[PDB]
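One structure below.
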Amino acid sequence: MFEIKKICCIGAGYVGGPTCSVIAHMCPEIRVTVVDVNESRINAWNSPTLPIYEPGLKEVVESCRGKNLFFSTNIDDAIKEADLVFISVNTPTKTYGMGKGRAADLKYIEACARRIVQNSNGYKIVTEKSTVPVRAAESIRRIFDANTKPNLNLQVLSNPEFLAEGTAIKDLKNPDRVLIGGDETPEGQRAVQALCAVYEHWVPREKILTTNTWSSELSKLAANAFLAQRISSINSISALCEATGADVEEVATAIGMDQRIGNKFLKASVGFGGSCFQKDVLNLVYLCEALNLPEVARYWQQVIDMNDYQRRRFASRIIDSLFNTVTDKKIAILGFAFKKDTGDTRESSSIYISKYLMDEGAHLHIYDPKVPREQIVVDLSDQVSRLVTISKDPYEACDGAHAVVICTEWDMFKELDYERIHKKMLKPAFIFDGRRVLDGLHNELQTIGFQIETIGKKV
Amino acid sequence: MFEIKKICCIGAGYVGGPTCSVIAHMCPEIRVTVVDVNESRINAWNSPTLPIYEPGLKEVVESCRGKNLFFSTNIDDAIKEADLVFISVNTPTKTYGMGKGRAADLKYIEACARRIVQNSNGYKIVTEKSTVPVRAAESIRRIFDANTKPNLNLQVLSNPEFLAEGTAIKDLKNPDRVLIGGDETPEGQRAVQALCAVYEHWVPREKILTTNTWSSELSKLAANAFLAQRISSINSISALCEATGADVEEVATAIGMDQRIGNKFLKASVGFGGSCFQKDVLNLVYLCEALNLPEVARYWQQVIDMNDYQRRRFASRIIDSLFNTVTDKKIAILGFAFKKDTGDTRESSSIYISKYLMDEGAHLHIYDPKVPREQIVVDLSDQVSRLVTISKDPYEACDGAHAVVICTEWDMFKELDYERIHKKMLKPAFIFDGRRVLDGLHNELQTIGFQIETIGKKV
Amino acid sequence: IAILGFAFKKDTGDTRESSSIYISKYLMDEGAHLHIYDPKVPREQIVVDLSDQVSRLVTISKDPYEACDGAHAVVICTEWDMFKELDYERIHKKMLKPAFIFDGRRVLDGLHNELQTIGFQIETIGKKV
Ligand SMILES: NC(=O)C1=CN([C@@H]2O[C@H](COP(=O)(O)OP(=O)(O)OC[C@H]3O[C@@H](n4cnc5c(N)ncnc54)[C@H](O)[C@@H]3O)[C@@H](O)[C@H]2O)C=CC1
Ligand SMILES: NC(=O)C1=CN([C@@H]2O[C@H](COP(=O)(O)OP(=O)(O)OC[C@H]3O[C@@H](n4cnc5c(N)ncnc54)[C@H](O)[C@@H]3O)[C@@H](O)[C@H]2O)C=CC1
Ligand SMILES: O=c1ccn([C@@H]2O[C@H](COP(=O)(O)OP(=O)(O)O[C@H]3OC[C@@H](O)[C@H](O)[C@H]3O)[C@@H](O)[C@H]2O)c(=O)[nH]1
Ligand SMILES: O=c1ccn([C@@H]2O[C@H](COP(=O)(O)OP(=O)(O)O[C@H]3OC[C@@H](O)[C@H](O)[C@H]3O)[C@@H](O)[C@H]2O)c(=O)[nH]1
């Protein structure tokens, strides 16, 4: 019966932007307009310097911008003439009220739903696409159900996004699965079927899963948690390794070869970050508490607690090696993004390690090859003026530093000329490898004269 | 240049038996003698009725018993003339003292190590092969180090077993990996190398991992924990599903298609059993406490707690549907083994569900197509005489039963003639599917007139 | 396991609150077969002090050498001067290996190398580990 010719996506961020760019590149006969309230963000999408760093994104966007892909601040007209409307906005964590610091704030999703009613007539498909959807489908539906025009027929779908930042293009093109939730009604099926059509342009039919909206959202919450759990589990083992002279990377390989366990996501680290994982577990915990499932609640909470412990442990290892005093000591922080190949800092372990060292009065010199320097400044908030310097390049940061702390797995960090760094560092020269990037360069670094300490090997 | 011609394995159980049988079948030029103190177990190994049920085991044993595979009670002479000695004995959980209910008792491992010293001269390789090795290598080594003859040279290796009961043959032949731990010394490497040689007869060289003994044992502890954790995680989700009208199997598929998560071991169930998992986690927890890592300890403990909760919940679901009273009510228990395709009941969720129902005064009629009936009796201990009947076949068990409770995923349970059962059950007729075996037969069973309740779903 | 010394200090027969009672009970909860020697504590007192579980695990030794015969470890709880004197080569020959001495009183200070030469694994309060 129905074919999607015009698509509108509200929210031009790390989800909405790339996911739409790819849709446009795969569906040249579809008009894709991505809208936002943030003007300078949209402007940047239209510039040759994109607002987010993501490998292969400049290439995908340029290939079809001004053709079938558009970025505009004109939300109203895009919703008005669109067949499908994506909601890909952020649901920040509530800072006050019940759920403070824990439950997600649906205020922006709601604002979108309202603004869609006000600007729509006829048939439209409204699809919620977030990285961690929390009761989102249901809250849109209740706004639509109450603000009913005649001849207005709005279908609500859930379509969670599985992309991982830094590899968004690769992931969007060859996704592991696509998950679409819709109502179990005649009208619901037709809307689901229509969205599959979009995806079927480049995704195999048996890689597309269709279900009801709630089962869809729950799947994503759980999926995210399982992922987060693996990192926390291996990090836990990393503490055990340091305590008993084993090596987590080795133990990891051995764990990983069980085809029932899989060998991905066992890379122990200073702790997981990003806007997905921590927020997702917290919401799952909160949900369980509200449903009167305290046993489940406290089970998943452990993922967060382990992660917190992982960070705090690594921090006090640095503070220890410096004889529990770092007042007016130059420390280099290499890497601020929550992972490699992005500029995103949301929830980066870097932020936390940094703050711990700041509470010790360390003079921090921070370098990251892609994170905007204003962003580093915002993230560490006064006390910032006295202690923080954003370095132009890594060598400035390490010049006269007592210690070098690696927090993000940027490939460029294996490359640095380490003899040069050692010459101009204060002795004893410490490298703290929170990412396991300097594995294999181990002897060399000791030969040069480094005292070299890494996560999950030899406390 | 060393070559292993004679092998002796102390312990002829679910580990030692099958793992040696397969060694003999793959290495026809090696003499493999499996010894035990239990006489009627050895006798049964030599009979046409083997002491343990395991698919394909009869075929493997018969093909090379008397030719190169021997089962004998004569421990002393087997040790005396062997090049390699396996220790594959049980380490039961301490019932008293520090570690009560938690830490493993190394008493039998020690008895073996002593008995080996007393019966050995020259060069021998001693290899510890257990399903969950706890400080086993180290304890053997301290006995050998102190009881030193001249010309006696005993090498200690760790070689954890990854097989899963019910698929031991398939697993032993195509293992995911083989893990060997030996000392990082000239003498150590030679012994490790010698053991690889045995395995290289049928296992690709790049599927064999070599390391130090401790790193090896820790790997197995961790690996086992990760496995157990998946089951508990999905089980936790199953409670969430039941509370919100989603379906865990569906959710599971969606989680499972993430190639980073893998799709194995997401089969929600009434709770994991067997002699590996619970015992492994407890020892890991205990080890962490002792190493002053409480944060890690309490992280892994959650796996056990969730599992306990999973069982308790399912139990009181049955008691609930029967209006909180089961005094003098006939309930059929289908399945008693901890999993399908074995006779083993060690830690079977069936034991626990059964006891919960016994404390309610239920008359239980238990059927399992492979569990010896004496074993069921031992496992439920007096109160047994008054309440328990071991049924000859499933239909006896369901005759006049208020409810049928499925605890083990035996394939034969989908086959049963369910109209027949429903005719002779008291109404309302309840089926409780703790294994998800009756998925797909859902309407049929409702048509027939069953009230059908299953894990991860709601009525 | 051999327990040498049961009196709460040397040169008395008094056991009231002796650390020996406590060490012994901890080792009993582990199911150790205890052979207890004290040159001045009435045998009956030892029996009262460890209270059934006593019958199965406790033996009051006539002299120290009986106690250490076939023992895995020797535990010294009371600073009786006579304990420095014992013929330790004799004890080690008839102990199960590895032979442990646990010096809870610091009486074997100075005899340290000798005991290691003989082949003991020797651990004491306040040293090493
Ligand atoms: N914002 C936060 O602090 C957090 C958000 N999350 C979640 O994780 C996922 C990440 O999504 P991103 O694309 O990375 O977020 P984002 O913040 O990078 O991009 C969202 C864009 O939506 C725009 N927007 C918000 N409300 C709007 C409205 N009412 N009308 C028009 N535009 C609007 C914002 O201005 C922003 O440019 C989200 O889908 C959300 O589920 C999780 C934790 C924290
Ligand atoms: N038995 C229990 O209750 C528990 C055992 N475990 C663990 O499960 C793992 C799997 O091993 P299985 O083959 O399933 O156990 P098993 O008990 O089925 O086989 C071990 C065999 O070793 C024999 N044996 C024991 N001590 C011996 C000795 N000192 N000398 C000679 N023979 C001796 C026993 O007679 C027994 O038949 C074990 O390696 C152990 O780590 C964990 C928790 C509980
Ligand atoms: O093995 C690992 C993997 C990841 N991490 C760290 O944990 C964080 C997780 O980042 P991811 O690589 O999972 O990617 P993202 O956080 O950008 O996206 C993640 O949530 C959004 C979902 O769409 C993706 O399915 C999920 O992977 C990063 O800091 C990463 O470096 C580890 O410390 N160890
Ligand atoms: O999805 C699952 C998988 C497994 N399980 C349960 O977990 C228990 C053990 O299952 P397994 O397949 O692991 O059988 P085992 O316990 O004998 O083997 C396990 O322990 C020993 C190790 O060598 C093996 O690698 C490990 O699989 C059973 O109760 C099984 O039903 C689930 O409940 N759900």
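Labels used: A, B, ... for chains in the order of the structure tokens, numbers from 1 for residues in each chain, and numbers from 1 for ligands as shown.
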If you count only C-alpha atoms and all ligand atoms, which residues end up within 6 Å of ligand 4, as an NGL selection string?
:B and (131 or 161-165 or 231 or 265-269 or 271-274 or 276-277 or 338-339)
Residue subset to file, keeping N, CA and C atoms, as a compact mmCIF listing (two decimals), in the first residue's frame:
```txt
# COMPACT_ATOMS: atom_id res chain seq x y z
N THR B 131 37.54 -29.09 36.06
CA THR B 131 36.57 -28.26 35.43
C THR B 131 36.63 -26.85 36.04
N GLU B 161 39.91 -28.40 31.90
CA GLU B 161 38.99 -29.00 30.94
C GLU B 161 37.77 -28.13 30.63
N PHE B 162 37.51 -27.90 29.34
CA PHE B 162 36.41 -27.03 28.91
C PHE B 162 35.15 -27.73 28.49
N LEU B 163 35.17 -29.06 28.47
CA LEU B 163 34.03 -29.84 27.99
C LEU B 163 32.78 -29.50 28.76
N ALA B 164 31.64 -29.64 28.11
CA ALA B 164 30.38 -29.48 28.82
C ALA B 164 29.70 -30.83 28.74
N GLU B 165 29.25 -31.30 29.90
CA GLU B 165 28.56 -32.58 29.99
C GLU B 165 27.33 -32.62 29.10
N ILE B 231 24.04 -16.42 31.67
CA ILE B 231 22.79 -17.07 32.05
C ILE B 231 22.08 -16.23 33.08
N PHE B 265 24.29 -19.13 24.75
CA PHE B 265 24.14 -19.01 26.22
C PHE B 265 23.28 -17.82 26.65
N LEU B 266 22.17 -17.62 25.93
CA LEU B 266 21.15 -16.62 26.26
C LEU B 266 19.78 -17.28 26.43
N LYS B 267 19.80 -18.58 26.69
CA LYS B 267 18.59 -19.35 26.85
C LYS B 267 18.17 -19.23 28.30
N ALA B 268 17.23 -18.35 28.56
CA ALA B 268 16.78 -18.18 29.94
C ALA B 268 16.21 -19.49 30.45
N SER B 269 16.33 -19.70 31.74
CA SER B 269 15.96 -20.97 32.34
C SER B 269 15.65 -20.83 33.83
N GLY B 271 17.22 -21.86 36.18
CA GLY B 271 18.46 -21.56 36.91
C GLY B 271 19.57 -22.52 36.53
N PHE B 272 20.80 -22.04 36.46
CA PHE B 272 21.86 -22.92 36.04
C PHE B 272 22.24 -23.85 37.17
N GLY B 273 22.68 -25.05 36.79
CA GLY B 273 23.10 -26.06 37.73
C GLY B 273 24.46 -26.61 37.37
N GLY B 274 24.74 -27.83 37.81
CA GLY B 274 26.00 -28.49 37.49
C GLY B 274 27.08 -28.20 38.50
N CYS B 276 30.06 -27.21 37.96
CA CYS B 276 31.06 -26.21 37.61
C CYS B 276 30.69 -24.82 38.11
N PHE B 277 29.61 -24.27 37.56
CA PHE B 277 29.32 -22.85 37.66
C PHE B 277 29.21 -22.28 39.07
N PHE B 338 20.81 -31.77 35.67
CA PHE B 338 21.03 -30.31 35.65
C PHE B 338 20.92 -29.77 34.23
N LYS B 339 21.09 -30.63 33.24
CA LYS B 339 20.83 -30.24 31.88
C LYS B 339 20.43 -31.48 31.11
```
Within segment 138-378 of chain A, find each residue whose DSSP state, derived from the backbone, is strand (DSSP E or B), and express the selection as number ranges by chain.
A: 153-158, 178-181, 208-211, 247, 330-334, 363-367
Counting only C-alpha atoms, what is within 10 Å of residue 288 of chain B, bar same-chain residues fewer than 2 positions away, as an NGL selection string?
(:A and (237 or 239-240 or 243)) or (:B and (282-286 or 290-298 or 300))
List every residue of chain C that has an atom at most 8 Å from any atom of chain B, and for each one report the closest atom pair and its distance in Å to one decimal, counting only C-alpha atoms, with rows sorted by chain and then by increasing residue number, as a Markdown table.
```
| residue | atom | partner | partner_atom | distance |
| --- | --- | --- | --- | --- |
| C:29 | CA | B:97 | CA | 5.0 |
| C:30 | CA | B:97 | CA | 4.6 |
| C:31 | CA | B:97 | CA | 7.8 |
| C:97 | CA | B:146 | CA | 5.4 |
| C:98 | CA | B:146 | CA | 4.8 |
```
Now that the selection is made, can you save its residues with C-alpha atoms as a compact mmCIF listing (two decimals), in the first residue's frame?
```txt
# COMPACT_ATOMS: atom_id res chain seq x y z
CA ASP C 29 37.07 -26.42 63.34
CA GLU C 30 39.27 -27.35 60.41
CA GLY C 31 39.23 -31.01 61.54
CA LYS C 97 57.02 -33.06 54.53
CA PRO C 98 56.83 -30.13 54.16
```
Expected answer as a PyMOL selection string: residues within 6 Å of ligand 1, only C-alpha atoms and all ligand atoms:
chain A and resi 10-16+36-38+88-93+108+111-112+130-133+275-276+279
Find the residues around residue 172 of chain B up to 12 Å (only C-alpha atoms counted), leave out those fewer than 6 positions away in its own chain, and share them as a PyMOL selection string.
chain B and resi 15-26+56-57+60+161-166+178+199+202-203
Could you write out that same residue set with N, CA, C and O atoms as a CSV table (one decimal), in the first residue's frame?
```csv
chain,number,residue,atom,x,y,z
B,15,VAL,N,34.9,-35.8,34.1
B,15,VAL,CA,36.0,-35.3,33.4
B,15,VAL,C,37.0,-36.4,33.0
B,15,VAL,O,37.1,-36.6,31.8
B,16,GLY,N,37.7,-37.0,33.9
B,16,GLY,CA,38.7,-38.0,33.6
B,16,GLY,C,38.4,-39.1,32.6
B,16,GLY,O,39.1,-39.3,31.6
B,17,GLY,N,37.2,-39.8,32.8
B,17,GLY,CA,36.8,-40.8,32.0
B,17,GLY,C,36.8,-40.4,30.5
B,17,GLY,O,37.6,-40.9,29.7
B,18,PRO,N,35.8,-39.6,30.1
B,18,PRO,CA,35.6,-39.1,28.7
B,18,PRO,C,36.8,-38.5,28.1
B,18,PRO,O,37.2,-38.9,27.0
B,19,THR,N,37.5,-37.6,28.9
B,19,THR,CA,38.7,-36.9,28.3
B,19,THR,C,39.8,-37.9,28.0
B,19,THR,O,40.5,-37.8,27.0
B,20,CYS,N,40.0,-39.0,28.8
B,20,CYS,CA,41.0,-40.0,28.5
B,20,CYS,C,40.5,-40.9,27.3
B,20,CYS,O,41.3,-41.2,26.4
B,21,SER,N,39.3,-41.4,27.3
B,21,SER,CA,38.7,-42.2,26.2
B,21,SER,C,38.9,-41.5,24.9
B,21,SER,O,39.3,-42.2,23.9
B,22,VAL,N,38.8,-40.2,24.8
B,22,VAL,CA,39.0,-39.5,23.6
B,22,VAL,C,40.5,-39.5,23.3
B,22,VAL,O,40.9,-39.6,22.1
B,23,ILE,N,41.3,-39.3,24.3
B,23,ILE,CA,42.8,-39.3,24.1
B,23,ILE,C,43.2,-40.6,23.4
B,23,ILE,O,43.9,-40.6,22.5
B,24,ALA,N,42.7,-41.7,24.0
B,24,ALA,CA,43.0,-43.0,23.5
B,24,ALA,C,42.5,-43.2,22.0
B,24,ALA,O,43.3,-43.7,21.2
B,25,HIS,N,41.3,-42.8,21.7
B,25,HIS,CA,40.8,-42.9,20.4
B,25,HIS,C,41.6,-42.1,19.3
B,25,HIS,O,41.6,-42.5,18.2
B,26,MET,N,42.2,-41.0,19.8
B,26,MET,CA,43.0,-40.2,18.8
B,26,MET,C,44.4,-40.5,18.8
B,26,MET,O,45.1,-40.2,17.8
B,56,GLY,N,27.5,-40.7,22.6
B,56,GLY,CA,28.6,-41.1,21.8
B,56,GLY,C,29.8,-41.7,22.6
B,56,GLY,O,30.8,-42.1,22.1
B,57,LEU,N,29.6,-41.8,24.0
B,57,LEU,CA,30.7,-42.3,24.8
B,57,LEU,C,30.8,-43.8,24.7
B,57,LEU,O,32.0,-44.3,24.6
B,60,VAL,N,32.9,-44.5,21.7
B,60,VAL,CA,34.3,-44.1,21.8
B,60,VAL,C,35.1,-45.1,22.7
B,60,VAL,O,36.2,-45.5,22.3
B,161,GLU,N,39.9,-28.4,31.9
B,161,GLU,CA,39.0,-29.0,30.9
B,161,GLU,C,37.8,-28.1,30.6
B,161,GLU,O,37.1,-27.7,31.6
B,162,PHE,N,37.5,-27.9,29.3
B,162,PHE,CA,36.4,-27.0,28.9
B,162,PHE,C,35.1,-27.7,28.5
B,162,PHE,O,34.2,-27.1,28.2
B,163,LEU,N,35.2,-29.1,28.5
B,163,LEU,CA,34.0,-29.8,28.0
B,163,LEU,C,32.8,-29.5,28.8
B,163,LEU,O,32.8,-29.1,29.9
B,164,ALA,N,31.6,-29.6,28.1
B,164,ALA,CA,30.4,-29.5,28.8
B,164,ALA,C,29.7,-30.8,28.7
B,164,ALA,O,29.6,-31.4,27.7
B,165,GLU,N,29.2,-31.3,29.9
B,165,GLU,CA,28.6,-32.6,30.0
B,165,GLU,C,27.3,-32.6,29.1
B,165,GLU,O,26.7,-31.6,28.9
B,166,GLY,N,27.0,-33.8,28.5
B,166,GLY,CA,26.0,-33.9,27.5
B,166,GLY,C,26.5,-33.7,26.1
B,166,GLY,O,25.8,-34.0,25.1
B,178,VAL,N,42.7,-25.3,23.7
B,178,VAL,CA,43.3,-26.2,24.6
B,178,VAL,C,44.2,-25.3,25.4
B,178,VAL,O,45.0,-24.5,24.9
B,199,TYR,N,48.1,-33.5,22.1
B,199,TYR,CA,46.9,-32.9,21.6
B,199,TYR,C,47.0,-32.6,20.1
B,199,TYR,O,46.0,-32.6,19.4
B,202,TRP,N,45.2,-34.4,17.2
B,202,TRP,CA,43.9,-34.0,16.6
B,202,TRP,C,43.5,-32.6,16.8
B,202,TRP,O,42.3,-32.2,16.4
B,203,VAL,N,44.3,-31.7,17.4
B,203,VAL,CA,44.0,-30.3,17.6
B,203,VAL,C,45.0,-29.4,16.8
B,203,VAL,O,46.2,-29.6,17.1
```
Would you kindly report the residues of chain A within 7 Å of chain B, using only C-alpha atoms, as a PyMOL selection string?
chain A and resi 176-177+215+219+223+227+236+246+251+254-255+257-262+264-265+295-296+299+302+306
Considering only C-alpha atoms, return as a list in words whatever protein or nucleic-acid residues lie within 10 Å of residue 1 of chain B, sequence-local ones (same chain, fewer than 4 positions apart) excluded.
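My list of contacting residues is residues 190, 193 and 194 of chain B.
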Can you tell me which residues surround residue 59 of chain C at a distance of at most 7 Å, considering only C-alpha atoms, apart from same-chain residues fewer than 4 positions away, and format the answer as a list in words?
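Near residue 59 of chain C, the qualifying residues are residues 34, 35 and 36 of chain C.
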